[PDB]
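Down below is the structure, laid out as structure tokens.
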Amino acid sequence: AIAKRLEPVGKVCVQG
Amino acid sequence: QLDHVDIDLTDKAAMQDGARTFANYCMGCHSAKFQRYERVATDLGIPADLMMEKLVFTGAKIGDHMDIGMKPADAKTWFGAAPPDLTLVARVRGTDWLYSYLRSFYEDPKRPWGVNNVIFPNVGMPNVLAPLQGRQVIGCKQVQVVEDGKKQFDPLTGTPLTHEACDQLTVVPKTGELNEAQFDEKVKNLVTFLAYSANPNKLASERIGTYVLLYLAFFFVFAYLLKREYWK
Amino acid sequence: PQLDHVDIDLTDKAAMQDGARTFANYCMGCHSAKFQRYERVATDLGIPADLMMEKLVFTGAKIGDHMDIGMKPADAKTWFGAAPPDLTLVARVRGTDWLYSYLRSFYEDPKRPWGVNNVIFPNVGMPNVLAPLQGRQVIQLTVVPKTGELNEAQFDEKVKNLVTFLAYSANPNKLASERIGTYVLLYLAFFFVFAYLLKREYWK
Amino acid sequence: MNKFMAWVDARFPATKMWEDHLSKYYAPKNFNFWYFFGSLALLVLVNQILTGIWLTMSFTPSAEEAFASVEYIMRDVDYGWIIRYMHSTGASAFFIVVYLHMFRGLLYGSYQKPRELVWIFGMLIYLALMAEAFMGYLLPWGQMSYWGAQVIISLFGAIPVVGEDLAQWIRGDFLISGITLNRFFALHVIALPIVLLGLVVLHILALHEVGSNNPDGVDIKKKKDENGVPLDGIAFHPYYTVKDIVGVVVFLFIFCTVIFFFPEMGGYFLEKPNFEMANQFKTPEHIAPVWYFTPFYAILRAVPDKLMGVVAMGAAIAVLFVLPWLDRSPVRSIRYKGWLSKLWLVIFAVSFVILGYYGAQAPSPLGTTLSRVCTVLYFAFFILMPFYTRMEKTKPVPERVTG
Amino acid sequence: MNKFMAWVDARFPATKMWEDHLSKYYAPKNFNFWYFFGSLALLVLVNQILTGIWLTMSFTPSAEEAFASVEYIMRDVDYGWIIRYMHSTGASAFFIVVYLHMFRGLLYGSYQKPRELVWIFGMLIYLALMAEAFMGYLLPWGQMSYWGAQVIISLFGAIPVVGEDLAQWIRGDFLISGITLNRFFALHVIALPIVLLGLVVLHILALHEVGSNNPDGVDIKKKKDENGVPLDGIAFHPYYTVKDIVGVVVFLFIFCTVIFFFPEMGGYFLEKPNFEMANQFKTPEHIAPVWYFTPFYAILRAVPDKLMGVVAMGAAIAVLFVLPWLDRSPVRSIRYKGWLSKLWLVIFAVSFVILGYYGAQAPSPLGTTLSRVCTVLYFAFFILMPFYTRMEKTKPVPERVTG
Amino acid sequence: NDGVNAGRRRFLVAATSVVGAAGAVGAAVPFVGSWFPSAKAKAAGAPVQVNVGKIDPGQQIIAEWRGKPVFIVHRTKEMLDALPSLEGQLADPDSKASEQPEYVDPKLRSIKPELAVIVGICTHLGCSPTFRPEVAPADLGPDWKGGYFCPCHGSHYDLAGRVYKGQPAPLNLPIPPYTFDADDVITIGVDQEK
Ligand SMILES: COC1=C(OC)C(=O)C(C/C=C(\C)CC/C=C(\C)CC/C=C(\C)CC/C=C(\C)CC/C=C(\C)CC/C=C(\C)CC/C=C(/C)CC/C=C(\C)CC/C=C(\C)CCC=C(C)C)=C(C)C1=O
Ligand SMILES: COC1=C(OC)C(=O)C(C/C=C(\C)CC/C=C(\C)CC/C=C(\C)CC/C=C(\C)CC/C=C(\C)CC/C=C(\C)CC/C=C(/C)CC/C=C(\C)CC/C=C(\C)CCC=C(C)C)=C(C)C1=O
Ligand SMILES: COC[C@@H](CCO[C@H]1CC[C@@]2(C)C(=CC[C@H]3[C@@H]4C[C@@H]5O[C@]6(CC[C@@H](C)CO6)[C@@H](C)[C@@H]5[C@@]4(C)CC[C@@H]32)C1)CO[C@@H]1O[C@H](CO)[C@@H](O[C@H]2O[C@H](CO)[C@@H](O)[C@H](O)[C@H]2O)[C@H](O)[C@H]1O
Ligand code: HEC
Ligand code: HEC
Ligand code: HEM
Ligand code: HEM
Ligand code: HEM
Ligand code: HEM
Ligand code: FES
């Protein structure tokens, strides 16, 4: 619950 | 004219969302250097590992202050004004001022960053929450009709009766992730976190003060009896 | 260890200027003198401010700045195994005789990390940075002939001037102190006679 | 213990002092609400000394760390926020209590003979307190701190000849900087506390030499019983000690309420702009003094001329020194002074409050007009005192205190 | 002025205090060299307060800037080097003068009845001075400073149960750090100066209540003239005021000689390793206390056990408190005590000096043995006093002061 | 005043005094509590990785671990043979009463004999002892065999960190929790695997 609330805004798409 | 916001410092979820917003959209330019990640996690109920993983982006330790890489002199050169430390900004400006300021950015091509602020005219801050709010402009939109405080709501639907006004902050449709209510809640959570940061002792202060006042009432009863008696 | 006595003259402006030159060129690479300012060193040594900036300020600092250096203490401690201490007060921490004997007591010791040891400061972490001037000194200390720019007498003067500047750096108020103290003591001797006579008059 | 006290009394005048100052020291029995404030001033002074000693354990008097050290106290030090709020609220409460103390002196003619020296020591205490609070307000090193110090020390630049040199010498620098911060910290933490403690000692000693006034202005010493005790006199200990204990508890209730619920007091006990770090290059839109300096500020702002404004602000405080010789009333208490004295005391209180209220805001037309009018009235309360204290008709002072 | 003093005296105890304490206060006329040191201690306390106030205007009580701020005082502040040397040499002179004062008390039995309270207040002053000097010595934040603070705070770690927790609480940290430095700065700069001022006031008040002893130990109050003035008594003002002025001038001559020519005094007033910034990881090869703390340090170093060494040091100072009751001699002055008292006072002086001398250098075999012998002699001077003050035969005390 | 009610006066005085004393304790709570380690102090410290392959025989290096100096000494053979010869001079030769990891040698007080990692803080009043590997210094006596000598009050430890008898120091120098990440690299602050 807290972890979802605190998710960083920037999402990075990584190879594999 | 500021907009009132009812800020609940006992809401851990709201403060957590505000802390996330501050760590992501705000700590790029603004520091909270008078405040430690460890204390923020303890007061917001965030586990230390979770705080480290989710809110500490600068490689600092949990007990370190919320410092940022942007130096005040560099940022003053770049923006024309140094982004102030935001630990105490809630105390410096108040929560209503912050709530109105973060929602009052509107496009203004005449300005260095293309935006101006109703609350803080000619502010040097770029509109960094534009992706969330969307494009906000000084345009024409529907505003509730008011005549000498005679505010008209719809008796049946309970929604406002509105007329067009042509000098209002209007968000261009389908330009931001969040609608007006969602951005309102985002800004409310951010201002709640800032209010906590400015005064992290508020809740403990109220508790301790309640106990102190109870004790002082007790002691006053005894001192008053010892006075009125012995004055006979 | 046994130290060599050196007579340090803090009124010798030329000697202190040579010592300041040696400190700026050979010593400020690793050591700071961060508790004194270039401006005050220039004023006390009789060096013009422009001349001080041109000849002794290599860090790009202003005349009024502390004699700081780029080598940070943590980095130097990692690199050398020991942090080069700030030398502003070293003449008071160690004394001029100890400094004079130490800067002349470096000899070659291959077992050491920097290939040198010191009689005064055994197993010291200092590289022998004045080797070009003194030459190759080996163990009794003897300098290998034709290995340094200066002979024994010329190098001793260089160390003496450097130690003299270090002596001044540790105590920049010594000359002004002895001048003021002379007048304070003269006044107190003058005041004592009046106080003594006043006491003698009353105690009859 | 009896034997222990006998041993001490042979070697220390403990019982003698106790019976000379607190017990067997007969104060008028008709003290009222207005006589709580000397003991409350002592309590606030003790609070300031203790909380300041503890803040000093964590405060850093450097321009680079003063504000950060204050936040370290507020957040990192265990209960440090409590101590800091005790200190700030205690400065504000010190001025509240001291102003009510001085107003009691005005009300009951307590500055008049024989208490002229008591009043003068009290005014020296007030000067020391103003200096102490001014130098303390610089210590946080916020925007208000820095810029108020800047303006207040620029006032010393208004002296026609030596003004600029004197201001630079006071600052210790060409501007307000960390040198000024450290200097004011040293003065505020030791020198002025020592001066204030000595002045309070002298003040209480003078009072006990001449004895306390009372709300009726009756010289209770005139009427004494067969034992030599005034008929209207009661031993300070225990009666007024317990009364002052009750007053101290009430004051502590208010003080702790402010500390734990409203430490800022609407931005008057802790000014909002002072929560922003001092910026030598950006000054606040409106810079105002702490509330307890606002009245004199208004006076200084009421005078169009700079040097004349500084002189008028200084005289606003200096005239209270000569107050004992300005009052020519045959009676002490306002209860028995003529209508003119009552009217002028009301006018002075209203003018002081209005000056403080309008010195706390940015200049305004009505504000400026009322500030000038109230400056005139404030100075007329003193300048006309020697006249309207004689013109009025005073009531006969009763032989015995009323109640 | 006559009229001005008449005005003051009706409102202040000015003349009465002057004639009770300084004038018309008849002290024995046979005060010698050993009676200069109370006034000199007062002067050194005033010097310490003033110089420390001026140092506090430029000192930064942070681990990052304390040493740098001290050098800033020495080099950048105009005459700041003078003030700092006055302060350090004044601490050393404070302990010199206080030790000579205590030794006068030992010589002439000034601790005996009726001056037990005078002696106890003096011992409280000495404890406050030890604490003040220790906490001041930490402030420069040199190697001496840091490691002396470490050792002395860890002394509290010797307590079997609450020792470690108490030491951590005193530190404010898990090791000596800027927290300890700042806390000790606060205690040194305000709390203990206030305590010392209060204790000095109490000390002098007790002395004036019971009266001053004299070298002959003659109670001059027994014999009085028809006016009530003791036959051997002279007004303290002007005779002893001028004598103390001469003593003050001589002390100032020595003090200024040290300040302006020998401020370090061979490394005993300003220690050489304290010119190196504090290093948490490098302990100086010769970590010795300031000279005036060496005698007790030696005592602690002479005891093989940790806790027993700490207790022995504590008991070395605490024993001086009970001295007024250990001395059962029928006479006050050493001039009329038996050979045993003179021999044991010589033994105590020699033991104290030897402990200080060997406590000022690194451990040695002869040093250790002499430290251990002088530790037992120092304690035997007190533990055997109740016995050898009765075994000895005392000369008759003259009815009049000799001279 | 007519017939003061004693007992009631005594009770009220006592109750007011007790309540005021409780309030005094409460008002002291902030001042006493502020002296405990603050958030600045509680920053703690992380384990330090030290490369010990470059330590010459009979030499020592200082590692900064949690604000304390750690003596990492590369012990030569001769001092290792000498260490058992000192057991008659040591208060706790087997380290029964000292603080050390459960996995270090009770006598050598190290994971490997040739290297000793010791928390370099004297167990009497807490100062880092001076490292004196020399055999028989004039000042340290002829019976010396190398070790540590506290410069504060002259506390003798052997090269294993064990305190000599009759010494201000009652305990052997603490051994920090450390491991060998590699034959020449240790880490101070983390226990070694069982
Ligand atoms: C917006 O803005 C504004 C506001 O703001 C926001 C305002 O609020 C206000 C309103 C302002 C107010 C009402 C606030 C008022 C505040 C104040 C009053 C603050 C003022 C404070 C200062 C600026 C500080 C000024 C301090 C000064 C000038 C005093 C300086 C004192 C010294 C430096 C002391 C000198 C030191 C000395 C003499 C050393 C001691 C010397 C010795 C001799 C010691 C003894 C030595 C010996 C014994 C040795 C010699 C031996 C002798 C004598 C021989 C004989 C021996 C014997 C001992 C007998 C305004 C107008 C404003 O618009
Ligand atoms: C080599 O190396 C070595 C050297 O070195 C180099 C050495 O030198 C030495 C040699 C050592 C020496 C000889 C040195 C000796 C030096 C020393 C003795 C130094 C020791 C100093 C310290 C370590 C400091 C220790 C300090 C301690 C333990 C004391 C701590 C005190 C406090 C924290 C104060 C407590 C705070 C309180 C209680 C606040 C006050 C409370 C209140 C209640 C205030 C009032 C409140 C109110 C009024 C509100 C409540 C209202 C009430 C009461 C209701 C009624 C109302 C009314 C007012 C009546 C050695 C051995 C050594 O080998
Ligand atoms: C163990 O005794 C120490 C000395 C003799 C010890 O003389 C004693 C001389 C007297 C004195 C100062 C001593 C204790 C308590 C002192 C008292 C406490 C009370 O306090 C007060 C105040 C408080 C009140 C409550 C009570 O009264 C007093 C009135 C009382 C008091 C202060 C008065 C005086 C007492 C030591 C013998 O030393 C041997 O020699 C070596 C010592 O280190 C040890 O050798 C080992 O360690 C060496 C490392 O150097 C290696 O060389 C070796 O190889 C290796 O074998 C060996 O173990 C050890 O025995
Ligand atoms: C979350 C997205 C943010 C919040 C909430 C705030 N900021 Fe900023 N900001 C920036 C600059 C260069 C300034 C100075 C502008 C000027 O002085 O004219 C500011 C200012 C503010 C203020 C005003 C505080 C005051 O006391 O006046 C507030 C309340 C504030 N900011 C809140 C720059 C930036 C920036 C760089 C791109 C970012 C990412 C943010 N600000 C983010 C936030
Ligand atoms: C880097 C190559 C250095 C230069 C160039 C100089 N010094 Fe040095 N110094 C250096 C280190 C790494 C150390 C510490 C050695 C150790 O084992 O602790 C030092 C130390 C000194 C000292 C000792 C001071 C003291 O122990 O209190 C002195 C007196 C000293 N250095 C003087 C000095 C002079 C005069 C130099 C120019 C001729 C000089 N140093 C250059 C590193 C370096
Ligand atoms: C009459 C007595 C005193 C008064 C009126 C007074 C007033 C003040 C004021 C108004 C402040 C500003 C507080 C703020 O706005 O943050 C302050 C700060 C400070 N004071 Fe004082 N003070 C007094 C005595 C003392 C004493 C005796 C000490 C120390 C011994 C002290 C130490 C401090 C410190 C360290 C600060 C900075 C921390 C802070 O601002 O809270 N004060 N003082
Ligand atoms: C700031 C710290 C002060 C303290 C601690 C203090 C203390 C006291 C105390 C305990 C009393 C006796 C009780 C009482 O009358 O309330 C007293 C009386 C008095 N005080 Fe204060 N005082 C202070 C400041 C002042 C000031 C600023 C003034 C006036 C400028 C003043 C003027 C007087 C007078 C005139 C009296 C005696 C009058 C009477 O008996 O009615 N005092 N003071
Ligand atoms: C440290 C600051 C001190 C000050 C300012 C001070 C002040 C004085 C003064 C002015 C006198 C009278 C004049 C004189 O005897 O020279 C005196 C007497 C005395 N002092 Fe102190 N003193 C201090 C410390 C001490 C200490 C540490 C002790 C003992 C432990 C002590 C014990 C005594 C005694 C017993 C007398 C009476 C001497 C006699 O009557 O012969 N004082 N003091
Ligand atoms: C009995 C009174 C005092 C004694 C015996 C005393 C003793 C000392 C000593 C020995 C030092 C170390 C100086 C050094 O080694 O360089 C020191 C430092 C210091 N003291 Fe005190 N002190 C006293 C009172 C005061 C007071 C009242 C203040 C402030 C009002 C003060 C302020 C300072 C400061 C700022 C330092 C650090 C700067 C420096 O080391 O020169 N002292 N003190
Ligand atoms: S510090 Fe090691 S013996 Fe005291």
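Chains: A, B, ... in order of the structure tokens. Residues: from 1 per chain. Ligands: from 1, in order shown.
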*Which residues sit within 6 Å of ligand 6, counting only C-alpha atoms and all ligand atoms, listed as a ChimeraX atom specification?*
/D:45,48-49,52-53,55-56,59,70,84,88,91,129,132-133,136-137,139-140,188-189,193,270 /E:190
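Using only C-alpha atoms, we find that the part of chain B lying within 10 Å of chain F comprises residues 36, 38, 39, 61, 62, 63, 64, 65, 212, 215, 216, 218, 219, 220, 221, 222, 223, 224, 225, 226, 227, 229, 230, 231 and 232 of chain B.
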*asked:* Rounded to one decimal, what separation in Å do you get between atom 25 (C, counted along the ligand's line) of ligand 2 and CA of residue 122 in chain F?
replied: 21.5 Å
*Give me the residues within 9 Å of residue 157 in chain F as a PyMOL selection string, counting only C-alpha atoms and dropping any in the same chain fewer than 4 places off.*
chain F and resi 90+129+146-150+161-164+169+172-173
Restricted to N, CA, C and O atoms, what would the selected residues look like written as a PDB file, in the first residue's frame?
```
ATOM      1  N   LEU F  90      49.246 -10.897  31.771  1.00  0.00           N
ATOM      2  CA  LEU F  90      48.007 -10.422  31.167  1.00  0.00           C
ATOM      3  C   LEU F  90      46.839 -10.735  32.091  1.00  0.00           C
ATOM      4  O   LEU F  90      46.730 -11.852  32.605  1.00  0.00           O
ATOM      5  N   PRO F 129      45.609   3.667  22.165  1.00  0.00           N
ATOM      6  CA  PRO F 129      46.988   3.505  22.634  1.00  0.00           C
ATOM      7  C   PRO F 129      47.999   3.679  21.513  1.00  0.00           C
ATOM      8  O   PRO F 129      47.709   3.450  20.337  1.00  0.00           O
ATOM      9  N   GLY F 146      56.788  -5.734  22.556  1.00  0.00           N
ATOM     10  CA  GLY F 146      55.917  -5.146  21.553  1.00  0.00           C
ATOM     11  C   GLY F 146      54.463  -5.191  21.973  1.00  0.00           C
ATOM     12  O   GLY F 146      54.011  -6.094  22.676  1.00  0.00           O
ATOM     13  N   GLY F 147      53.718  -4.196  21.534  1.00  0.00           N
ATOM     14  CA  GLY F 147      52.312  -4.121  21.860  1.00  0.00           C
ATOM     15  C   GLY F 147      51.813  -2.686  21.760  1.00  0.00           C
ATOM     16  O   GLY F 147      52.101  -1.980  20.791  1.00  0.00           O
ATOM     17  N   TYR F 148      51.058  -2.279  22.775  1.00  0.00           N
ATOM     18  CA  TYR F 148      50.446  -0.963  22.810  1.00  0.00           C
ATOM     19  C   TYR F 148      50.647  -0.331  24.178  1.00  0.00           C
ATOM     20  O   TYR F 148      50.649  -1.014  25.206  1.00  0.00           O
ATOM     21  N   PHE F 149      50.817   0.989  24.174  1.00  0.00           N
ATOM     22  CA  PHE F 149      51.075   1.761  25.386  1.00  0.00           C
ATOM     23  C   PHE F 149      50.190   2.997  25.346  1.00  0.00           C
ATOM     24  O   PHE F 149      50.413   3.895  24.528  1.00  0.00           O
ATOM     25  N   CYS F 150      49.192   3.046  26.218  1.00  0.00           N
ATOM     26  CA  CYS F 150      48.286   4.185  26.238  1.00  0.00           C
ATOM     27  C   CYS F 150      49.027   5.423  26.733  1.00  0.00           C
ATOM     28  O   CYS F 150      49.629   5.386  27.812  1.00  0.00           O
ATOM     29  N   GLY F 161      46.151  -7.204  21.668  1.00  0.00           N
ATOM     30  CA  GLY F 161      45.176  -6.334  22.287  1.00  0.00           C
ATOM     31  C   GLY F 161      44.842  -6.683  23.718  1.00  0.00           C
ATOM     32  O   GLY F 161      43.960  -6.045  24.304  1.00  0.00           O
ATOM     33  N   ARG F 162      45.516  -7.672  24.299  1.00  0.00           N
ATOM     34  CA  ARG F 162      45.232  -8.095  25.662  1.00  0.00           C
ATOM     35  C   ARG F 162      45.948  -7.178  26.644  1.00  0.00           C
ATOM     36  O   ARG F 162      47.155  -6.943  26.518  1.00  0.00           O
ATOM     37  N   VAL F 163      45.218  -6.731  27.650  1.00  0.00           N
ATOM     38  CA  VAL F 163      45.702  -5.798  28.690  1.00  0.00           C
ATOM     39  C   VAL F 163      46.668  -6.542  29.594  1.00  0.00           C
ATOM     40  O   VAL F 163      46.411  -7.718  29.833  1.00  0.00           O
ATOM     41  N   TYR F 164      47.729  -5.896  30.067  1.00  0.00           N
ATOM     42  CA  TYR F 164      48.637  -6.452  31.090  1.00  0.00           C
ATOM     43  C   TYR F 164      47.929  -6.327  32.436  1.00  0.00           C
ATOM     44  O   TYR F 164      46.923  -5.626  32.500  1.00  0.00           O
ATOM     45  N   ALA F 169      43.601   0.098  32.472  1.00  0.00           N
ATOM     46  CA  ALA F 169      42.720  -0.640  31.577  1.00  0.00           C
ATOM     47  C   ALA F 169      42.345  -1.979  32.197  1.00  0.00           C
ATOM     48  O   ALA F 169      43.239  -2.779  32.503  1.00  0.00           O
ATOM     49  N   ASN F 172      40.788  -6.251  27.755  1.00  0.00           N
ATOM     50  CA  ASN F 172      41.516  -6.278  26.497  1.00  0.00           C
ATOM     51  C   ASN F 172      40.857  -5.341  25.491  1.00  0.00           C
ATOM     52  O   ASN F 172      39.648  -5.097  25.535  1.00  0.00           O
ATOM     53  N   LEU F 173      41.663  -4.813  24.579  1.00  0.00           N
ATOM     54  CA  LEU F 173      41.135  -3.906  23.571  1.00  0.00           C
ATOM     55  C   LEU F 173      40.065  -4.625  22.752  1.00  0.00           C
ATOM     56  O   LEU F 173      40.289  -5.761  22.314  1.00  0.00           O
TER      57      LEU F 173
END
```
*alpha helix (DSSP H) per DSSP on the backbone: members of chain F, as an MDAnalysis selection string*: chainID F and resid 8:33 77:82
Could those residues be written to a file, using N, CA, C and O atoms, as a compact mmCIF listing (two decimals), in the first residue's frame?
```
# COMPACT_ATOMS: atom_id res chain seq x y z
N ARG F 8 -5.24 21.33 57.58
CA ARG F 8 -5.68 21.79 56.27
C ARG F 8 -4.61 22.66 55.62
O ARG F 8 -4.31 22.50 54.43
N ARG F 9 -4.03 23.58 56.39
CA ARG F 9 -2.90 24.35 55.87
C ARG F 9 -1.72 23.45 55.57
O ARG F 9 -1.08 23.56 54.52
N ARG F 10 -1.41 22.53 56.50
CA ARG F 10 -0.31 21.61 56.27
C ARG F 10 -0.58 20.71 55.07
O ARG F 10 0.30 20.50 54.23
N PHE F 11 -1.81 20.19 54.96
CA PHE F 11 -2.13 19.33 53.83
C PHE F 11 -2.03 20.09 52.52
O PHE F 11 -1.50 19.57 51.54
N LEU F 12 -2.56 21.31 52.48
CA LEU F 12 -2.52 22.08 51.24
C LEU F 12 -1.08 22.43 50.87
O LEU F 12 -0.71 22.34 49.70
N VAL F 13 -0.26 22.80 51.85
CA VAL F 13 1.14 23.10 51.56
C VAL F 13 1.84 21.87 51.01
O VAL F 13 2.56 21.93 50.01
N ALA F 14 1.62 20.71 51.65
CA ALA F 14 2.28 19.49 51.20
C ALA F 14 1.82 19.08 49.81
O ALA F 14 2.63 18.70 48.96
N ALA F 15 0.51 19.15 49.56
CA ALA F 15 -0.02 18.75 48.26
C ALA F 15 0.46 19.69 47.16
O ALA F 15 0.85 19.25 46.08
N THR F 16 0.43 21.00 47.42
CA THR F 16 0.93 21.96 46.44
C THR F 16 2.41 21.75 46.19
O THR F 16 2.86 21.83 45.04
N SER F 17 3.18 21.46 47.24
CA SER F 17 4.61 21.21 47.07
C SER F 17 4.85 19.96 46.23
O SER F 17 5.72 19.96 45.36
N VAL F 18 4.10 18.89 46.49
CA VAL F 18 4.29 17.65 45.74
C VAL F 18 3.91 17.85 44.28
O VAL F 18 4.61 17.39 43.37
N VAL F 19 2.78 18.52 44.03
CA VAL F 19 2.36 18.76 42.65
C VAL F 19 3.36 19.67 41.94
O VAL F 19 3.69 19.45 40.77
N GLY F 20 3.87 20.68 42.64
CA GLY F 20 4.88 21.54 42.04
C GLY F 20 6.18 20.81 41.76
O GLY F 20 6.85 21.09 40.77
N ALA F 21 6.55 19.86 42.63
CA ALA F 21 7.73 19.05 42.36
C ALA F 21 7.52 18.16 41.14
O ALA F 21 8.44 17.99 40.33
N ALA F 22 6.33 17.59 40.99
CA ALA F 22 6.02 16.83 39.79
C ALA F 22 6.12 17.71 38.55
O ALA F 22 6.67 17.29 37.52
N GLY F 23 5.59 18.93 38.63
CA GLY F 23 5.71 19.85 37.51
C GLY F 23 7.15 20.23 37.23
O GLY F 23 7.53 20.43 36.08
N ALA F 24 7.96 20.36 38.28
CA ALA F 24 9.38 20.66 38.09
C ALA F 24 10.07 19.51 37.37
O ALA F 24 10.90 19.74 36.48
N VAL F 25 9.75 18.27 37.74
CA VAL F 25 10.31 17.12 37.04
C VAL F 25 9.88 17.14 35.58
O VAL F 25 10.69 16.91 34.67
N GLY F 26 8.60 17.42 35.33
CA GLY F 26 8.12 17.48 33.95
C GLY F 26 8.82 18.56 33.14
O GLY F 26 9.21 18.33 32.00
N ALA F 27 8.97 19.75 33.72
CA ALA F 27 9.66 20.84 33.05
C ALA F 27 11.15 20.56 32.89
O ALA F 27 11.78 21.14 32.00
N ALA F 28 11.72 19.71 33.74
CA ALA F 28 13.09 19.27 33.56
C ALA F 28 13.21 18.25 32.44
O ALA F 28 14.27 18.13 31.82
N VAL F 29 12.13 17.50 32.17
CA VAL F 29 12.19 16.46 31.15
C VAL F 29 12.72 16.99 29.82
O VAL F 29 13.58 16.32 29.23
N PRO F 30 12.26 18.12 29.30
CA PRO F 30 12.87 18.63 28.05
C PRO F 30 14.37 18.84 28.16
O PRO F 30 15.12 18.43 27.26
N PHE F 31 14.83 19.42 29.27
CA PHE F 31 16.24 19.78 29.38
C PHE F 31 17.12 18.54 29.54
O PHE F 31 18.19 18.45 28.92
N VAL F 32 16.69 17.58 30.35
CA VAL F 32 17.46 16.35 30.51
C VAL F 32 17.39 15.51 29.23
O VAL F 32 18.39 14.91 28.82
N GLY F 33 16.22 15.46 28.60
CA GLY F 33 16.06 14.67 27.39
C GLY F 33 16.85 15.20 26.21
O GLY F 33 17.33 14.42 25.39
N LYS F 77 56.31 -13.14 12.60
CA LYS F 77 56.37 -14.38 13.36
C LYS F 77 56.86 -14.13 14.78
O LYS F 77 56.20 -14.51 15.75
N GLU F 78 57.99 -13.43 14.93
CA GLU F 78 58.64 -13.33 16.23
C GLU F 78 57.67 -12.85 17.30
O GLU F 78 57.67 -13.37 18.43
N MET F 79 56.82 -11.88 16.98
CA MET F 79 55.88 -11.38 17.98
C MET F 79 54.78 -12.40 18.23
O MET F 79 54.25 -12.48 19.35
N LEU F 80 54.43 -13.20 17.23
CA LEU F 80 53.46 -14.27 17.46
C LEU F 80 54.02 -15.32 18.42
O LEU F 80 53.29 -15.82 19.29
N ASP F 81 55.30 -15.68 18.27
CA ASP F 81 55.90 -16.60 19.24
C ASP F 81 56.02 -15.95 20.62
O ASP F 81 55.85 -16.61 21.64
N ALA F 82 56.31 -14.65 20.66
CA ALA F 82 56.44 -13.95 21.93
C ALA F 82 55.11 -13.82 22.66
O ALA F 82 55.10 -13.80 23.90
```
_I need the residues in range 22-86 of chain F that are strand (DSSP E or B) according to DSSP; give them as a ChimeraX atom specification._
/F:48-51,59-65,68-74
*At most 6 Å from ligand 1 (only C-alpha atoms and all ligand atoms): residue list as a PyMOL selection string*: (chain D and resi 130-131+134+148+151-153+287-289+293+296-297+300) or (chain E and resi 245)
Per-residue nearest contacts chain E to ligand 3, cut-off 7 Å, using only C-alpha atoms and all ligand atoms, as a tab-separated table:
```
residue	atom	partner	partner_atom_place_in_ligand_line	distance
E:299	CA	ligand 3	32 (C)	7.0
E:302	CA	ligand 3	12 (C)	4.8
E:303	CA	ligand 3	14 (C)	4.3
E:304	CA	ligand 3	3 (C)	5.3
E:308	CA	ligand 3	18 (C)	5.9
E:309	CA	ligand 3	18 (C)	6.8
E:311	CA	ligand 3	23 (C)	5.1
E:312	CA	ligand 3	22 (C)	3.8
E:313	CA	ligand 3	22 (C)	7.0
E:315	CA	ligand 3	22 (C)	4.7
E:316	CA	ligand 3	22 (C)	6.4
E:372	CA	ligand 3	12 (C)	4.4
E:373	CA	ligand 3	9 (C)	6.6
E:375	CA	ligand 3	34 (C)	5.6
E:376	CA	ligand 3	34 (C)	4.5
E:379	CA	ligand 3	29 (C)	5.1
```
